[PDB]
Amino acid sequence: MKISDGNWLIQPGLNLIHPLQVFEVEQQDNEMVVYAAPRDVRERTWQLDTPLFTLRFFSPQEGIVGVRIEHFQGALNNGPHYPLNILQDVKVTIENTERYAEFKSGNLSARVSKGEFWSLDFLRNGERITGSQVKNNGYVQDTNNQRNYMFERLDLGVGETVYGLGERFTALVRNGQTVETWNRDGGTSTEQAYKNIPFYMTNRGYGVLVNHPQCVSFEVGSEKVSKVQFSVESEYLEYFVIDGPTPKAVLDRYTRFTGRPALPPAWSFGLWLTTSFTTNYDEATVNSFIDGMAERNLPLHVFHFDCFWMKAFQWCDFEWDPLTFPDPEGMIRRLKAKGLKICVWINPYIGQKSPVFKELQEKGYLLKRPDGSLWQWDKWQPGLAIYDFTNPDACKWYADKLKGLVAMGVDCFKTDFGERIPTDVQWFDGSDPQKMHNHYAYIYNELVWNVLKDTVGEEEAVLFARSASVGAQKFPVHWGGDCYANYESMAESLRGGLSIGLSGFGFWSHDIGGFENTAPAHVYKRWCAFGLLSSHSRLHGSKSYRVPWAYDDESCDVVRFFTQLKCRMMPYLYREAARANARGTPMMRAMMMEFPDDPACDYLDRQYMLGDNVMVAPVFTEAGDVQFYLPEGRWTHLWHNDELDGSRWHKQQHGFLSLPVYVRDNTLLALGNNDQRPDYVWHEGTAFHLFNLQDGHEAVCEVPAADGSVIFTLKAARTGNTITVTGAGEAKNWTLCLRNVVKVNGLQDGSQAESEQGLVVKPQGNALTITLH
Amino acid sequence: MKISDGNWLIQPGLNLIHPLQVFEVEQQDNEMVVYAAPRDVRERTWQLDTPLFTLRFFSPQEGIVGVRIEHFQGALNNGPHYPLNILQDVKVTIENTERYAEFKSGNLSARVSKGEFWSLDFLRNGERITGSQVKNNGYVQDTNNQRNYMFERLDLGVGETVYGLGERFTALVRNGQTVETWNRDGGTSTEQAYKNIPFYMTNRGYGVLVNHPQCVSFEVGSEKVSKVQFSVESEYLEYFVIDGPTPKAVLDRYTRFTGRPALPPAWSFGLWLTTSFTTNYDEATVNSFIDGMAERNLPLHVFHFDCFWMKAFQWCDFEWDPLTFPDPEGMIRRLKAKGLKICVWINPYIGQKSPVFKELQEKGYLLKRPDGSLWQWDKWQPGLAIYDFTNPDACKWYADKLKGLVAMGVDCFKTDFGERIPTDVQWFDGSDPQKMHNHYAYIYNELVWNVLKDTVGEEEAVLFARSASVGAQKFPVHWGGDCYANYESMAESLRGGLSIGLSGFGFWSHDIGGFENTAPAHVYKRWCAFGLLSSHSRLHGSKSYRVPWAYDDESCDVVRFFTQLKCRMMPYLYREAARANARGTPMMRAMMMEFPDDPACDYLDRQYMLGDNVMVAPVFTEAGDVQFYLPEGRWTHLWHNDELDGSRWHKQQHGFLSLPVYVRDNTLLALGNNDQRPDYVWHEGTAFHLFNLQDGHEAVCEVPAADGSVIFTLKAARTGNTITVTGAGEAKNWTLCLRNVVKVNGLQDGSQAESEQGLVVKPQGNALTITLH
Amino acid sequence: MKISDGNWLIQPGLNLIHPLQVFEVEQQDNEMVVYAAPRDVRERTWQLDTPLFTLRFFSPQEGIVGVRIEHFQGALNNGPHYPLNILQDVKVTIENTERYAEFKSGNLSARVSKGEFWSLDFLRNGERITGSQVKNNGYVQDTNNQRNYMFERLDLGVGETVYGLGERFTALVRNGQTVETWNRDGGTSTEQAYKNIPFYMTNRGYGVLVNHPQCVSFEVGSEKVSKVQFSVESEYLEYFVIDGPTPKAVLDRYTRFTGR
Ligand SMILES: *[C@@H]1O[C@H](F)[C@@H](O)[C@H](O)[C@H]1O
């Protein structure tokens with residue numbers, strides 16, 4: 001929202017008042033309160049007839065500093081409120097002195113300057129990482145529309161860049177843009193988003209969550225170029241500064257605070273296939289696709305039934321279209337017998353044509369307007385109504401239907417929609433419509449998740465969700481929505497995936513091949529590599545099927561190659577997934593996140609890091625040309641084994657069976673002995689691979705159990721020409737390949753054997769040391 | 001302006017119609033007219049009751065394709081219109097086939113697809129650099145405000161970045177932001193700008209000029225992330241695609257098309273001096289100020305009389321304050337004799353308090369509202385009126401006043417202000433107020449410029465302009481405006497300077513230390529280096545007294561050091577300036593411009609190239625820490641002589657007398673034998689410096705004459721271990737230094753001598769040849 | 001109420017949507033439901049993001065066919081309602097073929113044409129006495145006052161004359177006049193009336209009652225010269241076609257239906 005009109009003026013009709021001077025500092029328990037006047041009040045003749053801002057500083061978690069700035073406390077302030085994890089006994093330090101008032105949690109502190117020259121500085125071990133200058137926060141009275149806002153402007157230093165604010169499709173670095181945290185169904189090609197999160201972080205080691213579920217309006221370097229301005233229509237503004245000093249540290253605190261990404265079941269990492277959106281389909285169609293996959297040796301693990309599994313115009317009354325699917329449970333058991341997992345489409349709305357509608361209306365389970373009538377419109381479905389999830393009985397009714405599908409063999413759900421929630425309505429529990437808009441995504445997803453958690457069990461729960469709100473990262477794997485089948489759209493989609501990881505979400509997916517339009521073969525090919533090298537992979541389309549043979553023969557080879565490669569990577573991949581669930585580190589990571597101190601990584605959005613050790617750069621050209629940057633070190637292509645010197649840009653050309661996939665040096669990777677499924681005993685038959693272990697370093701590898709815990713650890717430290725190898729845990733018949741190492745000098749406790757990738761060592765007893773030539 | 005509401009909807013109240021099918025193509029001389037319908041009109045029954053767009057393709061210059069799409073031609077469409085150089089005899093090819101219609105100029109062509117699939121594509125030798133997809137242009141009928149717009153959306157490909165749109169201070173790469181081309185006096189810390197230009201260019205080698213003086217609203221990847229949208233309130237939209245393929249080539253065509261940067265006289269390159277804004281002074285005060293500089297051996301060449309050479313509140317009636325300056329011409333001619341040039345402040349407004357105000361009013365030389373009363377207000381001045389430059393007699397009155405000053409000894413003027421032009425007025429010539437807003441800046445500066453042309457001569461002409469419009473780049477050296485005294489603001493300022501060069505402007509100046517605020521010594525020192533390593537530099541402010549030693553003695557050395565340096569660099573500097581004049585290549589170049597193929601240079605804004613051969617990276621920290629990227633090659637620090645390897649980022653620490661100033665390998669640089677003044681016989685005593693001439697390469701150095709032409713060329717070609725040195729033209733007592741070259745095997749036609757920077761050779765026979773060791 | 005602006009245009013600020021194609025027919029006991037889309041929805045790609053009308057045919061009395069066209073069913077729709085005599089056991093015939101969907105009570109039937117050419121027809125012994133042509137019924141969304149209406153236009157043949165609509169003092173034959181069924185105290189010399197009845201009959205032996213107590217706006221050959229148009233501010237429209245074949249027979253049924 002524009003407040004200023006250039007450096008010298010203010011927008012017409014706005015009256016601003018700012019806290020310009022500290023009047024009094026009070027300590028209440030472990031919280032610090034600061035009273036600030038809009039003017040000089042050192043004279044008692046001025047200590048009256050004036051507004052007074054109440055700034056409260058507190059800490060909900062170590063390293064997190066909460067700032068609450070209030071105007072009037074008499075406001076109603078109804079919920080819902082974000083699902084924050086708030087501790088009341090965090091150890092903090094409050095020092096109120098002559099010149100300053102400082103609140104401190106861990107290494108992060110908020111310091112207010114007393115005296116004439118007001119100032120609010122956020123410090124990390126004494127140094128200022130950001131803050132608010134005088135007159136850059138306060139209250140706004142909009143005379144034009146009778147609305148009142150609170151606002152803040154946190155500084156940005158030279159070269160400081162901003163990231164996050166949910167899954168957004170605009171340029172990766174927020175600087176220069178306006179963003180409104182407001183869930184909208186606007187595709188993947190605009191400034192709109194299905195997943196808004198009022199949280200941002202910078203390449204300076206800290207982030208900030210503006211604690212308001214209603215629309216927050218950010219001007220990221222868009223009004224005042226060197227600052228991040230945010231405003232909300234409220235009588236108070238509350239935000240949390242979250243300390244790093246690294247992007248992963250920020251996310252770790254952020255997710256501990258708002259919610260840890262759950263760990264999805266191993267099978268969910270397999271290949272997903274869909275009937276597609278408005279294409280035709282019945283059981284025969286299903287089996288045709290499945291037999292088609294098996295026939296061409298294309299591993300497939302999850303099959304998804306989209307919208308038309310239900311009668312048109314009756315969408316989400318949960319009843320199978322009898323004409324297209326005469327025997328639902330029969331058809332599902334046969335697919336499962338094949339070792340496949342099943343997911344069906346659902347959403348939180350309901351068309352009037354459904355016979356269930358009248359029942360729901362009679363019971364008051366649908367969202368009503370103030371006058372008591374039903375809220376309805378004709379978008380998506382004719383006479384569409386919304387399930388009122390603030391209504392206990394409506395929740396149970398919805399959930400009972402979902403349990404009916406599960407008891408039928410269904411293993412998970414695709415939670416589509418949930419963003420276009422109206423405000424001209426009256427919720428059953430009286431919540432504030434402006435806050436229910438964004439938060440609805442959370443309530444919807446939380447409801448479905450718990451049905452899974454109470455049936456299939458939490459270990460087995462996973463969803464495919466299109467919308468979200470703070471805290472929704474707890475119900476894993478969200479997908480980038482409705483993209484188009486072209487390179488530009490594939491790129492924009494990658495920016496969104498990267499962005500959402502920068503917002504606390506650990507698992508992301510996208511429609512391989514694009515949703516709208518039918519992609520030419522080469523595009524489909526490139527997208528397939530990108531898709532399989534993502535935490536979650538799904539072949540899904542709008543008006544055309546996504547089966548590889550719908551494009552060409554080589555497409556089938558591309559799909560098989562990458563699907564196999566992914567299943568062979570699960571020992572590594574599933575460990576990087578346990579990290580998302582432990583520290584909120586997302587599987588797909590922006591380069592700036594993994595290499596925070598490298599200045600060349602700031603604007604990189606066409607490449608990413610998949611887990612801690614491998615850099616993947618999708619190809620966005622027909623010819624196969626691709627440019628990517630590599631951080632310091634000597635990287636090694638994952639299967640071509642060629643090497644590249646880091647800390648510079650590289651240009652290559654790859655055919656459809658390749659793309660840059662480079663492994664960091666000093667890495668010990670664990671590849672599995674199964675390229676047909678993602679879920680299998682990873683610590684048996686394991687094949688370790690050591691990449692450029694330097695003199696003086698130690699590469700560590702942890703192999704996980706199906707539950708994510710480390711069942712076996714393997715370390716390789718190199719002192720001189722001697723590299724010692726030790727393992728701890730449970731592992732059977734494993735191997736250790738010294739990448740690009742032709743011959744060895746000696747080998748204690750182990751038999752060796754050449755390989756095209758390098759010497760392969762077999763462990764004999766305990767010591768398995770090797771001497772380099 | 002927001003047109004769409006996400007991928008699937010349109011903004012409420014907006015009715016859209018687009019050209020969706022070609023109906024007929026026609027050729028009229030060297031122009032192609034395409035009639036497009038908003039629907040299928042193949043049947044005669046639908047060839048009625050429907051709108052019909054008329055698209056016209058033409059070419060004003062080789063390589064430039066103009067596109068004019070219009071709805072109703074009945075509108076008034078009054079001037080002013082940009083000062084475009086339009087040729088009517090440009091060789092073009094027009095092809096009208098069954099499948100396509102194509103218009104071509106140079107290697108660029110416009111192609112419209114006939115049939116069911118409408119498509120507008122711009123091609124460079126058959127390859128698509130950009131275009132407009134079906135429904136991404138057309139007419140907008142705003143039902144909410146009765147306003148009608150025309151809009152276009154030109155595609156951006158993967159990794160494509162946009163630059164330009166005037167002197168702006170937001171992030172350098174426009175992707176993700178919206179910009180309105182409307183002059184405003186909004187300072188240098190926000191999205192507003194004093195100098196707006198509806199011209200942008202990309203890293204794909206092409207640019208586009210939206211030919212509308214009124215306000216053009218750009219959504220650069222902000223509405224449709226993969227497209228640059230632009231709209232204007234009009235019944236027609238006309239834009240020009242300008243071909244490169246390199247950034248420098250686009251600017252070459254753009255400046256040939258809208259105007260070439262004039263070549264500023266050599267003296268204007270010296271250090272400019274101004275005694276703040278609010279200082280109290282008279283003649284004795286001025287001299288005692290100049291002497292202070294001379295007394296500390298701080299060379300000065302231009303002195304600027306700001307605001308107060310006139311009586312307060314009477315600003316710009318051209319009357320010297322009678323009390324403060326009893327004898328104007330006497331003081332100027334005395335200052336002149338001290339080896340100085342005189343510049344004075346002026347602006348296009350006039351205060352009520354001035355005696356002249358009534359005269360102008362009774363003569364009708366001031367801007368009037370429709371009712372005939374004078375337009376007035378109280379910002380900056382009380383009852384401030386505006387000179388009506390569309391009035392032939394008012395222009396003459398103002399012009400004569402300037403000639404009066406010039407005849408008094410004034411050499412140049414600072415044309416301040418000119419941005420806040422009201423639209424609820426009625427110009428003398430009846431121009432369209434909406435278009436006069438931006439164009440006023442052009443008229444204003446053009447009038448002034450021509451006064452100098454007609455008095456001191458075109459070669460002596462120069463200004464310090466704050467506002468600008470398309471075509472204003474012909475009135476050289478535009479000034480960066482009022483900037484704050486901190487590092488973030490020093491950076492915002494560099495971004496603006498880079499941006500203006502990327503908009504057709506060849507010369508940019510800024511104030512050392514800033515305008516507002518009180519800057520700490522270190523900030524002042526860092527800015528001094530950055531300011532002298534610019535095309536035009538000025539010591540100035542607004543509050544503090546303009547004395548370097550008021551800070552500390554170091555501030556004085558810094559100013560002396562970099563002022564001497566710039567003067568020595570004039571043989572190199574004035575040559576590059578001739579380039580701005582001939583090819584529209586700016587002296588201060590963004591990296592992306594000099595190294596268009598290096599993917600590491602896309603987002604670099606904290607460094608720049610000063611001329612073809614030298615990279616300067618200002619220091620933005622107190623401690624002196626600085627990180628900068630170096631392109632391919634072995635770079636050498638201009639005076640520290642140290643070397644660095646390219647294609648990578650470097651971290652260094654510098655004291656106040658230094659900063660990263662690196663010279664390119666394979667470069668022959670010419671240094672002057674005078675470090676006191678900028679204007680001197682550069683081709684005498686010249687000091688050439690050869691930097692890492694590689695085997696099989698050649699280094700050329702063109703030493704310019706006063707008028708900018710090359711008076712002496714020196715080439716050094718290396719064949720093996722034999723570098724041949726040949727010269728052509730007029731030169732005397734010159735020398736050649738082999739940087740980092742101590743011992744050399746042999747030498748022909750010349751003697752040698754050792755140096756700290758490397759061997760120094762002296763010619764005699766020109767058959768001068770060196771043979772390495 | 002004026003909906004059209006001549007044959008070719010629509011009144012400003014009005015957005016219309018009409019049932020143009022049958023999408024599904026369903027018999028519910030002695031009642032027939034017809035779902036019609038406002039556009040071609042034969043392809044699954046168009047079976048979303050579109051309004052959908054629900055027409056229900058029924059019979060409260062022998063020889064009377066009730067027609068209820070609905071948009072949103074979420075409206076409050078509070079009482080009171082007319083004192084209608086509604087029987088639940090009227091003997092009717094419902095035949096849903098591939099070409100038509102027909103509901104019959106007594107010698108009167110309502111027939112909807114499936115396929116590309118939508119048409120709602122009322123037949124007496126298989127012959128057309130009146131009916132609604134494509135785009136002559138539907139929903140009106142008034143943007144000028146944010147009000148929404150449902151409307152219908154029942155055909156009038158050559159020489160067909162309309163009567164009734166209460167105790168009115170204008171020309172006996174309604175053809176050519178607009179009449180609002182809203183009780184007013186306006187004397188006996190104007191278009192106003194003390195006793196308004198949203199019931200009309202013709203010299204063709206059939207009558208129709210618009211089942212709406214609120215104000216019903218009738219344009220009897222005043223907007224569309226060959227049709228009797230009636231609109232009401234509601235999310236649903238419900239009228240009853242009453243078979244004669246003689247005026248006295250129509251009244252017999254009408255009074256047996258509303259009161260003797
Ligand atoms: C929700 O809408 C459609 F139903 C589905 O096909 C799509 O993948 C998702 O965006």
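For ligands, and for the atoms within them, numbers begin at 1 and follow the listed sequence. Quick note on labels: first sequence line is chain A, next is B, and so on, each numbered from 1.
Aromatic ring centroids of A/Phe417 and A/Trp315 lie 6.0 Å or more apart. The aromatic ring centroids of A/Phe475 and A/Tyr442 lie less than 6.0 Å from each other. Proximity of the aromatic rings of A/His478 and A/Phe507 is defined here by a centroid distance below 6.0 angstrom, and this criterion is not met.
Ring pair A/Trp182/A/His437 is parallel by interplanar angle, where below 30° counts as parallel and above 60° as perpendicular. Between A/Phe464 and A/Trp479, the angle of the ring planes stays under 30°, which puts this pair in the parallel group of the 30/60° scheme.
At least one heavy atom of A/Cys307 sits under 4.0 Å from some atom of ligand 1. At least one heavy atom of A/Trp380 lies less than 4.0 angstrom from ligand 1.
Considering backbone and side-chain N/O of A/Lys414, one or more are found under 3.5 Å from N/O of ligand 1. Considering backbone and side-chain atoms together, A/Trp345 places no N or O closer than 3.5 Å to any N or O of ligand 1. Geometrically, ligand 1 and A/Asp306 share a nitrogen or oxygen pair separated by less than 3.5 Å.
In this structure, A/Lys525 pairs ionically with A/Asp552, as a charged nitrogen and a carboxylate oxygen lie closer than 4.0 Å.
The nearest protein atom to atom 10 (O) of ligand 1, hydrogens excluded, is given as A/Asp482 OD1, 2.4 Å; this is a heavy-atom distance. The nearest heavy-atom contact from the protein to atom 1 (C) of ligand 1 is A/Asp416 OD2, 1.5 Å.
Close contacts of ligand 1 with A/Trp479, meaning ligand atoms under 4.0 Å from a residue heavy atom, involve 8 (O), 9 (C), 10 (O). Of all atoms in ligand 1, numbered sequentially from 1 with element shown, those under 4.0 Å from a heavy atom of A/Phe417 are 1 (C), 2 (O).
Heavy atoms of A/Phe308 found under 4.0 angstrom from ligand 1: none, in either backbone or side chain.
Within 6.0 Å of the NZ atom in A/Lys396, the count of heavy atoms belonging to other residues, nucleotides or ligands does not exceed 12.
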